[PDB]
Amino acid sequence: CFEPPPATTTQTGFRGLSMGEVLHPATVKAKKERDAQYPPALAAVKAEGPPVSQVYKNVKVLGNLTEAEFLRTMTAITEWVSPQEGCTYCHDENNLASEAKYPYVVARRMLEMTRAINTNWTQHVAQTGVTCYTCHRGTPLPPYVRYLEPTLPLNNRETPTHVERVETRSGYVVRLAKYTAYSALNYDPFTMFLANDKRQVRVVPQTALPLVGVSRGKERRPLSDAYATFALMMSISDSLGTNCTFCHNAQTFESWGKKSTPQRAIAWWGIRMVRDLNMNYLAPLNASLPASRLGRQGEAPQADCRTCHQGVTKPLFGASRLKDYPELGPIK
């Protein structure tokens, strides 16, 4: 089980600290190629005519677009999400205003979510932004999603073995391990940290000596909190295809300033962005999804870092369509 040299290495800290990325050139190439499948922008169209708010019947989100512009969007959406199924994945082919098929109503929510990420989470996505393709990658079910229990394979386009199946109790420890970069950490950092905003990720004291009043008995956080955070961090690392030193100087994980890279602050915003998407857009979709979509607790599939990043420090190596599709944000 080994990877032949050369390794690609970068430097992310002062010389002599052994901080930076360590990459296997073939793995990077394979990912570059997968991500290179991002369809190009459709040709621009001239904005002629009334807004489709007048033209069409049931346009709630993109009503300000002209007809040519709107149909360009629908064509782009079909290509990103349901290329194999076509327009009828969401539409009644005899009534295009029909909301009868669930992908339609889910897609409307996804236009809102997408415009929200690009408008309200620029702290994270900056001017790269996301499109439907960033998560979906050409299928209606995005390849990397999370339920409220760990599932395997991580990529749901792959067929599970019996042991991988979430019903097979004996495969639990491996389902957990493969979500935490093969560690044995007995914690699921998705449901603990990313599904909602209940839990505090920071566990390290900010004083040298123990403060009287928080340092004894039931006053204390259990040591289990530090395992869980390490588990989250193993997961974040694997999700972006990187290591701790991409973000931290391990001298002091808890410190910022010179002890942290700009990427750590971008990751901080990502945690907040993921929690927002999950609490406010994705988790509620269980009301709208077929039962076949839902997990064993009736949860809709939700997002973690891998959902976008898919093993790369920037999703799709930083590819952008933000200028090509202003409809998708930022929305002034």
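The numbering used is simple: start at 1 and walk along the sequence shown. Superpose the two forms; the largest set of C-alphas matching within 1.5 Å is the rigid core.
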query	finding
Core-aligned Cα RMS comparison in 9 other deposited structures of this protein - stretch that moves more, 272 to 280 or 41 to 49	41 to 49
Mean C-alpha temperature factor, higher of 90 to 98 and 215 to 223	90 to 98
Higher-B stretch (mean Cα B-factor, as the entry records it), 140 to 148 or 253 to 261	140 to 148
Identity of residue with top Cα B-factor, from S237, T229, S170, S183	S170
Top residue by Cα temperature factor, when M273, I266, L65, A303 are compared in the entry	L65
Chain-relative CA temperature factor third for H309	lowest
Chain thirds of CA B-factor: placement of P210	lowest
Chain-wide C-alpha B factor ranking for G241, given as lowest, middle or highest third	lowest
Modelled-residue ranking by C-alpha temperature factor, third containing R321	middle
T134 - Cα temperature factor, lowest/middle/highest third of chain	lowest
